[PDB]
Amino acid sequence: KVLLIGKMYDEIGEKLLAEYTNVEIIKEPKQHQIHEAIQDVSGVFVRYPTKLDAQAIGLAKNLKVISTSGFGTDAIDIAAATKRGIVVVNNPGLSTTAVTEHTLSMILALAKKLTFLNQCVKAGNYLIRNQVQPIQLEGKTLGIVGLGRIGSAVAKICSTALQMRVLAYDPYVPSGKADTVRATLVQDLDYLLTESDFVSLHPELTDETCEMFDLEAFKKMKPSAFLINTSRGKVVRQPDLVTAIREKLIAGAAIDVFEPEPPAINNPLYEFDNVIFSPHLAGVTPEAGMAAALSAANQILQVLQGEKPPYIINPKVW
């Protein structure tokens, strides 16, 4: 028996679990409903941000595997599952391709001033073509902050396909990793800031990267340069971005993540024609949802068959 605490991101994951297990789905999970349905199941799927505490894990007698819906596992009492022999697996990185494409879309849209030119045409101001000139990406410098799953994939596209010079700042990756995607790893972040025509943020949100892009960073950036953020809103100190755009410390920005989130209806960034937005959708494609559903459903079956899943969070239990 397998319990789905919340629906999966795609129905393909629920059908696959139904092929091998008896699956019960709680659509709107309450804490008492979990207690009454977890006692005899062998696997548990947890939809973010529903919590799974020591009480529910204590009531789960036959539990062997707990799977979250994505990267986040903060809502799961990991300590309670390790003592009971339960392996816990998450499902990270399954929207790497979606965010990569979304990042490329925003870099290009800023270079071609797409939203502004589209609005000008729709208002009958086709003649804006005489004043405004797009930017050619070939030969420009892309600065990547965070050379992880997405950062590496974005680096690889822009360096080879778009023929950009790619700098990368990431102190926790092997020194040769930038060469695998034809980027140059730099040790000093200030160097990336003064050399880049486009800066794209893809770091993990840590205490070191939190508000890493503040006013001091924007001053070092080229006034003609653009900022792209598809990582986390807290990586950018948003008031400093508002100042950077208004005082023309940079030429524009593309933003998929916000702090605070959701953004308020009257966010001061909304008034600028050189700032473009998407409502935290960079990783949301049908394919990414299916991959997350399949990865979660399949790791449950691996544990129930004695096979080692690839994303164990508590390795000391295997």
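Note that residue numbering begins at 1 and tracks the sequence as displayed.
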| property | result |
| --- | --- |
| Of 107-115 and 218-226, the stretch whose C-alpha atoms average the higher B-factor in the entry | 218-226 |
| Which of 259-267 and 50-58 has higher mean CA B factor, as the PDB entry lists it | 50-58 |
| Within-chain third of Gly283 by Cα B-factor, per the entry | lowest |
| Third of the chain's Cα B-factor distribution that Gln163 belongs to, per the entry | lowest |
| Where the record places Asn125 (Cα B-factor, split into thirds across the chain) | lowest |
| Record-listed C-alpha B factor of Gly289: chain third | lowest |
| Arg237 CA temperature factor, ranked by third within the chain | middle |
